[PDB]
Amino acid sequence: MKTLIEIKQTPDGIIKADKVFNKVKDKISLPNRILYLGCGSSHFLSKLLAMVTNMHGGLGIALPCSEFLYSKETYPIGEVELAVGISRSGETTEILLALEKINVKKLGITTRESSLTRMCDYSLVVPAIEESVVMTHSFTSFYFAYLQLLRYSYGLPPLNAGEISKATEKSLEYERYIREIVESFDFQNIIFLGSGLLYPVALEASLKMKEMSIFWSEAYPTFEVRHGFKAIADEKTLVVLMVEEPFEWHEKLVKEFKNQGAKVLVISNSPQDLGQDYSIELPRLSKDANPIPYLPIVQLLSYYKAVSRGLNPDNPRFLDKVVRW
């Protein structure tokens, strides 16, 4: 349905993102200290943007919109040179309320002209239009558009959009394999693991499982899971480890989970056999862009698990396309 069609539009989304970046790159200059605000999937995207900002020498902080609204004093926001508001629809009430209280320069990230773009000074309107209640390629597209702008603003060379777009096409080749995983192992719960830039991807992947499949899904920074959290993983659990360059600890972690009876899917940019049950190797890209090919993989996994449960990921129970108050 719509969710699947939209996941498959990821390659074109990258191209659309590159186009928007080039249109606004000389009109907007991203500063050193940046605050990122978003809700749900957009909060996880905010965390990813904050992380890559720090990775490139800046200082980025991300907070859920409502936490900024009602409990900002408990967060290390400090002086902000730019506030970035993220909303797929550009109509999320909380982001609009948050921006009303902000006096510094404001940059919006959304898929269309909206209430959001009207209260921001500049905006990245990436037309990765989605009919599904669940965000898929818009997340990936928003990330690339901003990443290009960030590298540019920081004096780094632009990434090759064509190469990255082709990388996501490679991700999509795994569709049948992912479908087979869902068919051959009827897991009852799942855990996503990632470190650094892949941690927010793990968080997003888990949310995709919740929304699309109404499923018991969790996400943790790779090795944090050993500290108590692993207690809920057994023979009915699928553990998804996402890692660019694994080392000995990763092999031990995989073995640890298998010893509890869980099956493990490793998604990486490495040919190494860590003892996993399922393996997905993705094209290795510039460190900052490397997480991109992982998104369509976890989105497809969530989609097919949803279908296997007879659910409609396009319109999950209890969820609204836009969260308003």
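Residue positions are given as counts along the sequence shown, with the first one as 1.
A.B. asks: Take the C-alpha B-factors listed in the entry for 158-166 and for 211-219, compute each mean, and give the stretch with the larger one.
C.D. replies: Averaged over C-alpha atoms, the B-factors run higher in 158-166.
A.B. asks: Averaging only over Cα atoms, indicate whether 123-131 or 221-229 has the higher B-factor in the PDB entry.
C.D. replies: Higher of the two, by average CA B-factor, is 123-131.
A.B. asks: Among 291, 38, 296, 275, which residue carries the highest C-alpha B-factor recorded in the PDB entry?
C.D. replies: Answer, based on the entry's C-alpha B-factors: 275.
A.B. asks: Which one of 205, 99, 86, 190 shows the biggest C-alpha B-factor in the PDB entry?
C.D. replies: Most elevated C-alpha B-factor of the set, per the entry: 99.
A.B. asks: Determine, from the deposited record, the chain-internal third of the Cα B-factor for residue 140: lowest, middle or highest.
C.D. replies: Within its chain, residue 140 is a middle-third residue by C-alpha B-factor, going by the deposited values.
A.B. asks: Please place residue 46 in the lowest, middle or highest third of its chain according to the CA B-factor in the PDB entry.
C.D. replies: As the PDB entry reports it, the C-alpha B-factor of residue 46 lands in the lowest third of its chain.
A.B. asks: Using the temperature factors of the C-alpha atoms in this entry, rank residue 30 within its chain: lowest, middle or highest third.
C.D. replies: Highest third of the chain for residue 30's C-alpha B-factor.
A.B. asks: For residue 264, does the deposited CA B-factor place it in the lowest, middle or highest third of the chain?
C.D. replies: It belongs to the lowest third of the chain when residues are ordered by C-alpha B-factor.
A.B. asks: Could you place residue 300 in the lowest, middle or highest third of its chain by Cα temperature factor, using the values in the record?
C.D. replies: Within its chain, residue 300 is a lowest-third residue by C-alpha B-factor, going by the deposited values.
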